[PDB]
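Step one of this worksheet: look at the structure below.
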Amino acid sequence: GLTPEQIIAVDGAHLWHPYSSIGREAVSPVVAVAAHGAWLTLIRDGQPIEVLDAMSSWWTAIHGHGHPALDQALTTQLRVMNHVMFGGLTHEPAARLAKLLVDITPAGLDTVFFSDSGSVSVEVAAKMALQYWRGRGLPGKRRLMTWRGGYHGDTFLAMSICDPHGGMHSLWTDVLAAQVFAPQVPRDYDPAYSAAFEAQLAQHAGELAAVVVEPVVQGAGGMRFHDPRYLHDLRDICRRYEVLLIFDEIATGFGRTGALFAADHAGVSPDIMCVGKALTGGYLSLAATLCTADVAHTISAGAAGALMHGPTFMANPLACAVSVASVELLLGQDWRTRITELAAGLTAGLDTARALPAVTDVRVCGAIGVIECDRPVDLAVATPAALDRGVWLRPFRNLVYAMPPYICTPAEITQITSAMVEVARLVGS
Amino acid sequence: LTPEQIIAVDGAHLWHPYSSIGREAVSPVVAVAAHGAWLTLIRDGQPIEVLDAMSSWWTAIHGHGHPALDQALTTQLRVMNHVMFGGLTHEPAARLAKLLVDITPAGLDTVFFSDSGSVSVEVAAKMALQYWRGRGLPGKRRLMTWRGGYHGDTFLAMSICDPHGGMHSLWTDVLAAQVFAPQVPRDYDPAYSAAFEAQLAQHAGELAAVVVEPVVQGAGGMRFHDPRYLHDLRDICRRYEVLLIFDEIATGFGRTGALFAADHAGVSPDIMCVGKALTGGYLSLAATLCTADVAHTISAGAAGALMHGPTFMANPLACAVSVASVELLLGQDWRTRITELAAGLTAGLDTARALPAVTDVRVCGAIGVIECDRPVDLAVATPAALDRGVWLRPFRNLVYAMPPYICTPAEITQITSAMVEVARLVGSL
Ligand SMILES: O=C1CCc2cc(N3CCN(C(=O)c4ccc5c(c4)OCO5)CC3)ccc21
Ligand SMILES: O=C1CCc2cc(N3CCN(C(=O)c4ccc5c(c4)OCO5)CC3)ccc21
Ligand SMILES: *Cc1c(COP(=O)(O)O)cnc(C)c1O
Ligand SMILES: *Cc1c(COP(=O)(O)O)cnc(C)c1O
C-alpha cells in the first residue's frame, strides 16, 4: 500500500509513460485511485475528485469502468479457468468470441488470430499478407502501401506505415522498412485523389503485398476524417491490381464512429482486418486479426504450411470472456441510436468553439469530437483547466478532442464539451 | 457451447500458435477448467484431469486459480479496472515497478510496461537504438546474438531468432539482417568467448546491442549453457561499448534455480526483458527494464523521450495480480522449492538415458528435457501422455516439461513417468 505522494515518488524515479522521458517530465502524472462508470477518481492537492473520463482511457472504456456485466463475466471465468496455452488446446471463450467476431465483422472475414495488443495484430496482418503472396509463388510482393496521416502501432513493422512526420521517421533512418506513401487523404471526396492513388499503386503493384489504412477516421496521426467513398475506391483498386486490402480498425471498432465497424460506412470488406482497443471494453489487453478463408487457405497450403506466429497468451480465457460480454452488451442495446445521440450532443456542445479565435476547425464523427486549434496546446495549461471543470482531457498537438464512453448521459456530454470549449478558449489567450 | 460445438467453431474460425486453418493433423483438445497443477480436458467426450506439465507455456508457476492471485484480481476489479497511463499513474504500477527494480540484477532502475514478450523485446531494441542516437552514434543500429535463440514473433524480434528454428528462409529480403555468432555450447570453453569477441569487434561500430537468453534457450531448442558465458559477454560489451540485453521472458522468476538467470553469472545487463511468468499465468503483461544511464541518455537526446507507448500500458488488473504473484514467490522459500523440483526431475528422467532413441537428458531448475535422435510424433506422443494423466506438448525431437512450482513429488514422478514413456515410444515405431 502506497500513499499518493509515495506513488508520485516511485513513478518519478522508476516508471516510463507513453512517449515519455525519465526525469524530464514538464508536468507530473495525476494519481488515479478509482474508476466507475464514466468517472475517474483522481488525487488533486491531496483531495480525491471525480472527473469525467472524456478520453475513454484512450479509446478503451466504451461501456465505462466497472460495468457489472463485464465485472461479472471476468469473475465467472476466473472461477473455472484463468488461462491455458492455446497450442493443442481450445476453449469456450475463444470459440464464443471468434463466432461473434466473424458474424459481426465485414462479410467474408472468417478466421480469427488472437493476440495481446494492436501493434502485434498489425504485424500479424502484415505476416498474413506476406505469407499469402509467398503461398502464391510471388515473394516479391513484400512491401506495404498506405496514405499519409496514419498510425498503426509502435513495433518496428507497425512504425514503417505510420505517418513519416507524425511518426518521427527521421529518427529511424536506415532502420525502418521503406514503404509506399500516398498523400494525405482529404476530408471531402475528390475522384482525382483516387485516380492518383491508383497511378502510384500501379507502378508498385508487383512489389506490394497490401494496402494498409485506417478506415474513415485516422486517430493518433491527426484525428482526421475522410469520405468513406475513398474506401470503396481502395477496394476496387486493390481487387484490380491484386494487392490485399487491410483495414486497421483498432481505434474505429465497435461502434465508435457511428457504424459497428467504420468499414460499414462504405460497405467494404477488407481481406484482412485488425481490432483491439475497445474489444474488451477497456478491461484487459486483447486484439484480433481476421482474414478471409481464401487468405487462410493459401497460407495453409503454402510451403510454410501455417502462419508463423503464436503469442504466449494467445486467446487468453479471461480476456476473451470479458470481450464476449462487452460485445454482447453492445449488440444487446440500440447502440446506433446511442451513438447518434452522443454525436449530436458533441456537435451541439462544440459549435460555439468555431467562433473562438485560436480555433481552425470543429468536427464530429460518431462518438468523436475534435477542436482543432492554430497552435500546439500546452498540456500544463490544458490538463488542470479541464480538471477544474470536472473533466479528464488529454490534448495532443493542436487538438482538443474527446472519445467519451457510450454510457455518458446527455448532461455528461455537455459537461465534457463545455470543458473542451474552455480549454480551446484558454489556448487563444 | 458444447465441446463438439467448440471443436466445430474452432476448426472453422480459430488460428492457433504456428498452425493452419483446415489442415491440422489433430484437433485441439477442449479445455473446460484448470485448477492448481491440473487441467480438466475433454477426452472421449468426458472431463478428465491431467497435469499441466508445460505450466501452460511457462506461465502457470503458482498453478491455475491460486486463491491469493484470484483474490488480488478481484480486489483490484472492485476499485479500478484500467485507466490510461498517459498523464496518470496508479498504485498497482508503482508497487510492481518498485518490486521489479529491487529484485532484478543491480542497476536496472526504470520499468517500461507492455502487453507481451515480443513487444518488450522491440522496446529493448528501441531503447538501445535511441541510446546510441542520443550519444551521437546513429550507425550503432544492428543487433548481435548467438544462434539457437528465440525472442518473439514480431518482425524485429524475428530478426534475432535462430535462422533455422525461426525459418528465416521463408523471410528472405524481409527481416533486418543481424549478426549471428555460432551456437553457444553447453560446457564452458574460453575459445568460444574469444571468437564471439573477435566477431563483435569487427562489427562494434555498427552494433547497438547483444541480445541473448541467459543460461537457458527456450523455443529455439531447450538448450542450457554455462553461465560463465554471460560473464564473458558483460565484459566484451563493456570493453567494446555495445549494450547488453538479457531476454529473461522465459527464464525469469525462479524457473532456472535463480530468481533471474543472470544471477547464476552474477552480472547485470544494461536492458532486461521479462514476461511469461510475470502475472503467474493469469494475464498478458511484460516489462522492459533499463539502467539510469540508458534512461537519462534517451531522455536527453534529440527526441527527448522513448518513442513507444501501448494502449494498455501498465494495466491495473495485470499489474495487481503480478504484484501478488511476485510477492507470493518471494514470501516462500522458492530456492528450496526449485531445488526439490530439479531433483525430482533428474531422478525421474534418469532412466530415459538408457532408451535407444535418447541422445541426452538434461535438467536445469524446474526444466527437464529428453532429447531424441528422431522427431517426436505428436499424433503418438500427446495421446500417450494424456492416457497417463499428463499434458505434454513435444517439439521437434524434444520431450520436455516446465512444471508449476507447486507440483508435489508424486505429481513430478507422474509427469516424468509420462515423459519416459513418450521417449520409449520414440525408439520403437
Ligand atoms: O494513455 C495512453 C496509452 C497509449 C497512449 C499513446 C499516446 N500517444 C502520444 C504519442 N503519440 C504520438 O506522438 C505519435 C506517434 C507515432 C505516430 C503518430 C503520433 O502519428 C503517426 O505516427 C501517439 C501515442 C498518448 C497517451 C497514451
Ligand atoms: O501454447 C502456446 C502459446 C505460444 C506457443 C508457441 C509455440 N511454439 C511452437 C512453434 N515454435 C517454433 O517452432 C519456433 C519458432 C521460431 C523460432 C524457434 C522455434 O526457434 C528460434 O525461432 C515456437 C512457438 C507452441 C505453443 C505455444
Ligand atoms: C492504438 C492503435 C494501435 C496500437 O495498438 P496498441 O494496443 O497500442 O499496440 C494500432 N492501430 C491503430 C489504428 C490504433 O488506434
Ligand atoms: C515466449 C518468449 C518471447 C515472446 O513472448 P510473447 O509474449 O509470446 O510475445 C520472447 N522471448 C523469449 C525468450 C520467450 O521465451
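Quick notes on this one:
- For the peptides A:290-296, B:284-290, A:321-327, the ranking by mean Cβ contacts within 10 Å, running from highest to lowest, is B:284-290, A:321-327, A:290-296.
- Cα gyration tensor, segment A:222-343 - rounded (a/c under 1.5), prolate or oblate: oblate
- Look at the dipole of segment A:4-125 built from charges on Cβ: of A:9, A:75, A:22, the Cα furthest out on the positive end belongs to A:75.
- For chain B, alpha-carbon Rg and Dmax in angstrom: 21.7, 64
- Total charge dipole magnitude, chain B, about the Cα centre, Cβ charges on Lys, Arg, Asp, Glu only, Debye to nearest 20: 540 debye
- Entries of A:127/A:277; A:277/B:140; B:98/B:140; A:277/B:126; A:127/B:98; A:141/B:276 with Cα pairs more than 29 Å apart: A:277/B:140; B:98/B:140; A:127/B:98; A:141/B:276
- Residue A:301-residue A:47 pseudo-label distance in nm [points 7 Å out on the Cα-to-Cβ vector]: 6.9 nm
- Positive-end extreme of charge dipole, the protein assembly as shown - chosen from B:179, A:247, B:312 (charges on Cβ): B:179
- Radius 10 Å from Cβ of residue B:104, net charge of other residues (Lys, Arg +1; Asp, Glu -1): -4
- Shape box of segment A:1-113 [Cα atoms, principal axes, largest first, Å]: 51, 33, 29
- Taking the C-alpha atoms only, the angle from helix B:117-134 to the longest principal axis of chain B is near 10 degrees.
- Net length gained if the chain between residue B:12 and residue B:78 were fully extended (0.36 nm per residue, minus Cα distance): 20.0 nm
- Relative to the longest principal axis of the Cα atoms of chain B, the long axis of helix B:316-330 lies at roughly 80 degrees.
- Working ranking of peptides B:170-177, A:126-133, B:361-368, A:336-343 by packing, defined as the average number of other Cβ atoms within 10 Å per residue, highest first, is A:126-133, B:361-368, A:336-343, B:170-177.
- Zone of residue A:69's modelled label, taken as backbone nitrogen in segment A:281-303 under 16 Å from a point 7 Å along Cα→Cβ: A:281-283
- For segment A:1-65: rounded, prolate or oblate by the Cα gyration tensor [a/c cutoff 1.5]: oblate
- Chain B: most fluctuating residue of B:272, B:54, B:84 per GNM, C-alpha cutoff 10 Å: B:84
- Karplus-derived HN-Hα couplings along segment B:303-315 (A = 6.51, B = -1.76, C = 1.60, θ = phi - 60°), whole Hz, x at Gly and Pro: 6, x, 6, 8, 7, 7, x, x, 3, 8, 3, 6, 2
- Shielding score for B:118-128, defined as the mean number of other chain Cβ atoms within 10 Å: 4
- If both residues of a DSSP beta bridge must be in the protein assembly as shown, then about 65% of such bridges are antiparallel.
- Segment B:40-56 - phi-based ³J(HN,Hα) in whole Hz, Karplus 6.51/-1.76/1.60, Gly and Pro as x: 9, 10, 9, 10, 6, x, 10, x, 10, 9, 9, 6, 7, 5, 8, 6, 6
- Relative to the Cα centre, the charge distribution of segment A:28-125, modelled as +1 at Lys and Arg Cβ and -1 at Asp and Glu Cβ, gives a dipole magnitude of about 180 debye.
- Remark: mean inter-chain Cβ contacts per residue of B:93-99 equal 6, using a 10 Å Cβ-Cβ cutoff to other protein chain atoms.
- Relative exposure of A:265, B:308, A:36, B:164, judged by other C-beta atoms within 10 Å (fewest first): B:164, A:36, A:265, B:308
- Across segment A:26-35, rounded Karplus estimates of 3J(HN,Hα) from the backbone phi angles (6.51 cos²θ - 1.76 cosθ + 1.60, θ = phi - 60°) give 5, 10, 5, x, 8, 6, 9, 10, 6, 8 Hz, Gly and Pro being marked x.
- Whole-number percent relative contact order across chain B, with pairs defined as alpha carbons under 8 Å at least 6 apart: 21 percent
- C-alpha long axis of helix A:68-80 to longest principal axis of chain A, angle in °: 60 degrees
- Remark on residue A:15: its backbone amide H falls under 5 Å from those of B:111, a criterion applied only to residues 5 or more positions apart or on other chains, H modelled at 1.01 Å from N.
- A simple charge model with +1 on the Cβ of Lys and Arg, -1 on the Cβ of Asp and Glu and nothing else charged puts the dipole of the protein assembly as shown at about 740 debye relative to its Cα centre.
- Within segment A:67-333, DSSP assigns beta bridges of which about 50% are antiparallel (rounded to the nearest 5).
- Average other protein chain Cβ within 10 Å of Cβ, residues B:298-304: 4
- When you count the other C-beta atoms within 10 angstrom of each residue and take the mean per peptide, A:148-154, A:197-203 line up highest first as A:148-154, A:197-203.
- Simple label model, 7 Å out from Cα along Cβ direction - residue B:373 to residue A:192, nm: 7.6 nm
- Selected from B:224, B:180, B:85 as most flexible by GNM, with chain B as the system and alpha-carbon contacts under 10 Å: B:85
Cβ sites come from the backbone with ideal geometry, for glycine too, and all protein chains shown count toward neighbours. Just so you know, all these numbers are worked out from the coordinates, no wet-lab data involved.
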